[PDB]
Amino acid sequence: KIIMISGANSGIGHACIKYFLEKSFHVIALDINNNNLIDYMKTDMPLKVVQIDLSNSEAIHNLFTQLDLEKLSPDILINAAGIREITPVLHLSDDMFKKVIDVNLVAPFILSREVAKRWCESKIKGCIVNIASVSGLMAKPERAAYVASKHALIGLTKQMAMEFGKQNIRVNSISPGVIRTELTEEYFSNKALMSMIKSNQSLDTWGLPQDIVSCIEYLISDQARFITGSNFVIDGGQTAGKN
C-alpha cells in the first residue's frame, strides 16, 4: 500500500512516516520543510518526499502532475500538515487568517478531492484521515482562524464521507487534545502552563505522537470497514466538560 502523509517533517506526520515505513508501506511525505527527512531521503527506504507549500493551490496541482507522472497513486491520505496562531484576534491580519484556512482546510479539501478523483476512476476503496482538533468542537482564546479551520475540517470530513460513500471511500477525522510535539513543545518547560493544561482535562498526562498514530492504524485497518464520517477524540478528557 501507498500512504500519502502531509506534515511529514514534524510531530504527528513524522511519527506516521516512521511508523508506516517500518510497516512496509510505500510513503509519500509532503511538507514545506525537510530538515528532518534529509537522512531518510539518502537511504533506500520506499519514501518519496515532496517539498511543497500546501497553502499554494497551484503547487498542489503541480504535486499531482508529479505523482501522476511517477505513476504514484496513494491508497490512503493522512491530512496532518497544519498551523496554529496564538494571537489576539484584533491583531490577526486578513492574510494570516487566510493562511491558516488555506493550510488547515483548503489543502485537505484539494488533496482529498484529487485522491478521490483517482480512486473513483480506478474503482479503488480509498481511505482519508483528517487531523482536526478539539478546537474543531470548542473554542479557545487567541485562535480565531485555528478554531474556525478545525470546525471546518470536521464538517468537511462528514461531507466527503457522504459524498463518496457509495464509492466505498471512507473519510474520518481524529481530534487530538494536547500532544507533545514541536508545535506544543514550548508549553512543557512552563510549570504554570502545564498545571493549567492538566486542570483542563481528566488524565494527569499528555499525549504523544504514537497515541495519534495508533488511532490512524485503527481507522485505516480492515476493522474500520464500517467507519465513515466519524470524529475520534483522543484528548485525555479535555472535551468532557468543565471542572
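Start at 1 and count along the sequence shown; that's the residue number.
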field: Mean Cα B-factor comparison, 11-19 or 220-228, giving the higher one as deposited
entry: 220-228
query: Per the entry, where is the mean C-alpha temperature factor higher: 179-187 or 193-201?
result: 193-201
- line: Comparing C-alpha B-factors across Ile124, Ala145, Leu77, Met160 in this entry, the winner is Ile124
message: Just the C-alpha B-factor column, please: which of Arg84, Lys98, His151, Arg118 has the biggest number?
response: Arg118
- request: Comparing against every modelled residue in the chain, figure out the third that the C-alpha B-factor of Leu90 lands in (lowest, middle or highest).
  value: middle
- request: Divide the modelled residues of the chain into thirds by Cα B-factor and specify which third, lowest, middle or highest, holds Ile174.
  value: lowest
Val213 - Cα temperature factor, lowest/middle/highest third of chain: middle
- request: Please place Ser6 in the lowest, middle or highest third of its chain by C-alpha B factor as given in the entry.
  value: lowest
query: Compared with the other modelled residues in the chain, in which third is the CA B-factor of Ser112?
result: middle
